[PDB]
Amino acid sequence: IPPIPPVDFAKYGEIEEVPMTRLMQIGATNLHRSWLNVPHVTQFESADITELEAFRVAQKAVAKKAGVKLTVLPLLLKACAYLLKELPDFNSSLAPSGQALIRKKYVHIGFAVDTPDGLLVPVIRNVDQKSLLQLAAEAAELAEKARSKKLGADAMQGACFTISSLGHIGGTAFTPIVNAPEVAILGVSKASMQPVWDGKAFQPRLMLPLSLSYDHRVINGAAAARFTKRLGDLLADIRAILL
Amino acid sequence: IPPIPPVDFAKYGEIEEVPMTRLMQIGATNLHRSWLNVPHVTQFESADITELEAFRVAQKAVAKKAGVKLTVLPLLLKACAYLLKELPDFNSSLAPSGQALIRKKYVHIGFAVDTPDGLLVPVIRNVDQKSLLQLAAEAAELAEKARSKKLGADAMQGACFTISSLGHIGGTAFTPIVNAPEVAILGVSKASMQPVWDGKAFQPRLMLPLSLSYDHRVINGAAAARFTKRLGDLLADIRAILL
Amino acid sequence: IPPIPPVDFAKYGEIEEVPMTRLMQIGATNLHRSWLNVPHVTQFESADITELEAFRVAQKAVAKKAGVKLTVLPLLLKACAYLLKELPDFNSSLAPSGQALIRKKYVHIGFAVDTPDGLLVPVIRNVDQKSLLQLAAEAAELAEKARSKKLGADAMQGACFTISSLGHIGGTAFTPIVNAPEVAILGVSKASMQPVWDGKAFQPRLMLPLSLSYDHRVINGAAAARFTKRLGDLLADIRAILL
Ligand SMILES: NC(=O)CCCC[C@@H](S)CCS
Ligand SMILES: NC(=O)CCCC[C@@H](S)CCS
Ligand SMILES: NC(=O)CCCC[C@@H](S)CCS
């Protein structure tokens, strides 16, 4: 690929060189390796989380007793685990022969933690088997270890899918990058109150923005519109996971 | 381009290998070839289809008599054909010398059909010359042949532009991939009722999401904002095609 | 990277070859060089410009006296200059050793002008030091020289960031391409009146769409959600720049 020409930046004004941590360097290399290997498409969708929210907030007692804090990440993780099992091509990877997909029969999911040294993406194993408070507890442990450079490579491995949540900072949507060899990553941005047509008038409903990027060689356009559709349906009534 | 390292996926749990149809393999190869050749930009726009819809639904009698079913795809195809003629750089391809564009004086348009064996994109020729019921009939023939593996390579050739409609499944917008050597592809997602400001109050209007990806080497940012603008104008009052 | 196969386009109908200006050729080459070097992410956000607008329009007298026309571009430029100083990683470039960032202590910003010969991106130097009418005057000079092929290479150099505004043509959002070796570009599309929840009811507020693309090797997902957040905050009350 042609390089970018060097520029004497100091011709235009004062410059200063600060260097990158090896963590940044790693991160930089893996992203570019994904960018060039994966033909990327992003599917956007909004889910009605008005009831999910009200539930989150009512179980604040139970979660405080249990020592965890229930955010939207456990709810996101449980629903994606259920869907990674309904729609298995999302839970798979392209075999290196380019002629097969390796369907994984396990559901471990990673999630992005941005630490000062760089991006780390700790993996929770067997998301399909743990409960909302279990996942809430674990998510939090892994994140603190991640910030404290006390997370060990063991825990950064063999994930099937990634959730990257910027909802706590803001933004309307983004186009995340597939963390190859995985085939899809779900970006979650900030919830807003929004008018939604109820057949007769507009009701305010709390809407969560979802931005699913995928490896188009393995997932086609309709498979992906269907994944974000099912997920917005699950998040609107999480009781369907009981079914 | 550096490869992705192989991972022994079975270290993390049970895996299973299912293989790809040659159709998937083809599809995979062409997408990646586009991804690396075309610097991609996506322009988003929403069109007011409230009147187009009401028309669609009133001609249901006529279409049933004629044996076709009138969906939004014939209306999309007619308007894009008209615009591919108004704005010709969208109807062209970059000559392989990299120093010229081959402007095509014909308008054949392909459309994406997702079949079980993979993605197929049958082409309707001379869209500019056929009527809404003609295109409705033809769209449907080609799609059934496509699902039935009875579509022949003849019919997958020399298109100028592509429409990829996921509207029937859902989603808010997506970033489709230019089907090189074409220079643009129009993605259409699900229509929603939306409040639209009428200078004094918000009216509910049925809004169709449009996501136009283009080859930025041939189309610049303003040419593309102008194409989606004209198209939202045409779809708001399709009678302008008579002009 | 594999090439795209040549197609005898004339098998399908009449074609015509028109050639590209060297300006297009240049533009084409630089875009593709960016596309393959920069792993791109786009962050979307909307800013409430209702008060900024009303201000713009009240200073129409002053601007007419001063011979300039105050559009949104000076307001965009002043706020980005302030932020390129608050959040310095946006004002930097990746050193060619891949192991360092060159932080630039200057703020010159380029902006995209689409001329008939191709795209040109004149640079305003030391945006941080000039006032709204200064920048309004200058923006306009550079743009006319650009359209008149009277802009000289001097003026197309050593920018730190780019603003690409298609707001005057239309569109809802787009994904612009980082103009490498810069690390981010802000796309601005068309403002619309929109219902915004005020805790009790929806108020109409004039909303400006912002689409920030960045080089993910240098800027992480949260740094970028924070830049578009601060910018929507600055544009909502530009007096915070006085602080
Ligand atoms: N851990 C890494 O080194 C790179 C992670 C890349 C994949 C995702 S988090 C990109 C999100 S925009
Ligand atoms: N027919 C193919 O083999 C690939 C088609 C690629 C172009 C479009 S449909 C991608 C849409 S996201
Ligand atoms: N001046 C050039 O030759 C290319 C500019 C590329 C960067 C930006 S303007 C792309 C915007 S979509």
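The coordinates are above.
Scope of this entry: the structure provided in the associated data block. (Residues numbered from 1 in each chain as written, not as in the entry; some residues may be left out. Chains lettered and ligands numbered in written order. Part of a larger assembly, values for the part shown. Heavy atoms only, no water. Residues with missing side-chain atoms left out of burial classes, pairs and counts.)

**Notes on the site of ligand 1**
And step 1. Around ligand 1 sit A:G27, A:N30, A:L31, A:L119, A:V121, A:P176, A:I177, A:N179, A:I185 and C:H216, and those are all the residues in its vicinity.
And step 2. Around ligand 1, the neighbouring residues derive from chains A and C rather than from a single chain.
And step 3. The side chain of A:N30 places a nitrogen or oxygen atom 3.2 Å from an oxygen atom of ligand 1.
And step 4. In isolation ligand 1 has 400 Å² of accessible area, and contact with the protein removes 89% of it.
And step 5. Among the elements that make up the shell around ligand 1, the one with the highest residue count is helix 1 (residues 22–37) of chain A (3 residues).
And step 6. Residue composition of the shell around ligand 1, by class: 6 nonpolar, 4 polar and no charged. (Near = heavy atom within 4 Å. Polar contact = N/O pair within 3.5 Å; in protein donor to acceptor, adjacent residues only side chain to side chain. Areas by Shrake-Rupley, 256 points an atom, 1.4 Å probe, with all protein chains shown as cover. Helix = DSSP H or I, 4+ residues; strand = E, 2+ residues; numbered from the N terminus. Nonpolar A, V, L, I, M, F, W, Y, C, P; charged D, E, K, R; others polar.)

**Observations concerning the relation of the copies chain A and chain C**
Superposition of the two copies of the chain requires a rotation about an axis and a shift along the axis.
And step 1. Between the two copies, chain A and chain C, the superposition gives an RMSD of 0.0 Å; the rotation angle is 120° and the shift along the axis is 0.0 Å. One copy is carried onto the other by what is essentially a three-fold rotation axis. When C-alpha distances to the rotation axis are compared across chain A, the minimum falls at A:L36, with a value of 4.1 Å. (Least-squares fit on C-alpha atoms.)

**Remarks on empty space enclosed by the protein**
And step 1. Taken as a whole, the largest cavity holds about 270 Å³ of empty space.
And step 2. Lining of the largest cavity is provided by 23 residues; of these, A:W35, A:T175, B:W35, C:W35 and C:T175 occupy positions nearest its centre.
And step 3. Where the lining of the largest cavity is concerned, the elements lending two or more residues are strand 2 (40–48) of chain A, strand 2 (40–48) of chain B together with strand 2 (40–48) of chain C.
And step 4. Residues of the lining of the largest cavity, tallied by class, amount to 11 nonpolar, 12 polar and no charged. (1 Å grid on protein atoms, 1.4 Å probe; cavity = no way out; pocket = protein on both sides within 12 Å on 5 of 7 lines; lining within 4 Å. Points joined across faces, edges and corners; volume = space filled by probe spheres on them.)

**Remarks on the sheet that holds strand 3 (residues 92–94) of chain B**
And step 1. Within the open sheet, the 3 strands sit side by side as 3(B)-4(B)-1(C). Their pairing is antiparallel. Two strands lie at the open edges of the sheet, namely strand 3 of chain B together with strand 1 (15–19) of chain C, each paired on one side alone. For this sheet, the mean angle separating the axes of adjacent strands, direction not counted, is 25°.
And step 2. The pairing of strand 3 of chain B with strand 4 (residues 100–104) of chain B spans 3 bridges and is antiparallel. Looking at strand 4 of chain B, one finds that B:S93 is bridged to B:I102. (Pairing = 2+ DSSP bridges. Axes fitted to C-alpha atoms, helices over the stretch in contact; angles between N-to-C directions.)

**Re the relation of the copies chain B and chain C**
And step 1. Structural alignment of chain B on chain C gives an RMSD of 0.0 Å, achieved by rotating through 120° and translating 0.0 Å along the axis.
And step 2. Here only 10% of the contact residues of chain B are again contact residues in chain C; the copies associate through non-equivalent surfaces. (Contact = heavy atoms within 4.5 Å.)

**What to know about the site of ligand 3**
And step 1. Around ligand 3, the neighbouring residues are B:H216, C:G27, C:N30, C:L31, C:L119, C:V121, C:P176, C:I177, C:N179 and C:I185.
And step 2. Nearby residues place ligand 3 at the junction of chains B and C.
And step 3. At a separation of 3.2 Å, an oxygen atom of ligand 3 approaches a polar side-chain atom of C:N30.
And step 4. Here ligand 3, which alone exposes 390 Å², has 90% of that area covered by the protein.
And step 5. When residues in the shell around ligand 3 are grouped by element, the largest group, 3 residues, is from helix 1 (residues 22–37) of chain C.
And step 6. When the residues that make up the shell around ligand 3 are grouped by side-chain class, the tally is 6 nonpolar, 4 polar and no charged.

**Focus: the environment of C:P74**
Residue and element names in this part refer to chain C.
And step 1. Within the secondary structure, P74 sits in helix 4 (residues 73–86).
And step 2. On the accessibility criterion, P74 (1% relative accessible area) is buried.
And step 3. Sequence separation between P74 and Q134 is 60 residues, and the spatial gap between their C-alpha atoms is 8.5 Å.
And step 4. For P74, the residues in contact, after removing those within four places along its chain, are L132, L135 and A136. (Buried < 20%, exposed > 50% of the residue type's maximum accessible area, 1.4 Å probe, protein only.)

**Considerations on the interface of chain A and chain C**
And step 1. Contacts between the two partners involve 39 residues from chain A, matched on the other side by 42 residues from chain C.
And step 2. Among the elements of the structure, strand 1 (15–19), helix 1, strand 10 (173–174) and strand 12 (192–197) of chain A are those that each provide at least two residues to the side of chain A that touches chain C.
And step 3. Sorting elements by how many residues they give to the side of chain A that touches chain C places helix 1 of chain A first, with 6 residues.
And step 4. A per-class count over the side of chain A that touches chain C returns 26 nonpolar, 8 polar and 5 charged.
And step 5. For strand 1 of chain A and strand 4 (residues 100–104) of chain C, the ladder comprises 5 bridges, and the chain directions are antiparallel. Looking at strand 4 of chain C, one finds that A:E16 is bridged to C:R103.

**Focus on the pattern of salt bridges**
And step 1. Evaluation of the coordinates by the stated rule reveals 36 salt bridges over all chains.
And step 2. Across the pair A:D48 and A:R205 runs a salt bridge whose closest N-O atoms are separated by 3.0 Å. Residue A:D48 is located in strand 2, and its partner A:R205 is located in strand 13 (residues 202–215); the two are separated by 157 residues in the primary sequence.
And step 3. Here C:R230 and C:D233 are joined by a salt bridge, their closest N and O atoms 3.8 Å apart. Residue C:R230 and its partner C:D233 are both found in helix 6 (residues 221–236); the two are separated by 3 residues, about one turn of the helix.
And step 4. On the accessibility criterion, C:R230 (22% relative accessible area) is partly exposed. (Salt bridge = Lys/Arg side-chain N within 4 Å of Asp/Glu carboxyl O.)

**Comments concerning the packing of aromatic side chains**
And step 1. Evaluated as defined, the whole model comprises 18 aromatic pairs over all chains.
And step 2. With a centroid separation of 6.2 Å and an interplanar angle of 80°, the aromatic rings of B:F44 and C:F44 are classed as edge-to-face. Pair noted here: B:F44 is in strand 2 and C:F44 is in strand 2, and the two residues belong to different chains. Residue B:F44 shares its accessibility class with C:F44, and that shared class is buried.
And step 3. Aromatic ring contacts, followed pair by pair, group A:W35, B:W35 and C:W35 into a single cluster.
And step 4. In this arrangement the basic side chain of A:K104 is found over the ring face of B:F9, its NZ or CZ atom lying 3.8 Å from the centre. (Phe/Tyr/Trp six-rings, centres within 6.5 Å; stacked < 30°, edge-to-face > 60°. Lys NZ or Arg CZ within 6 Å of the ring centre and 35° of its normal.)

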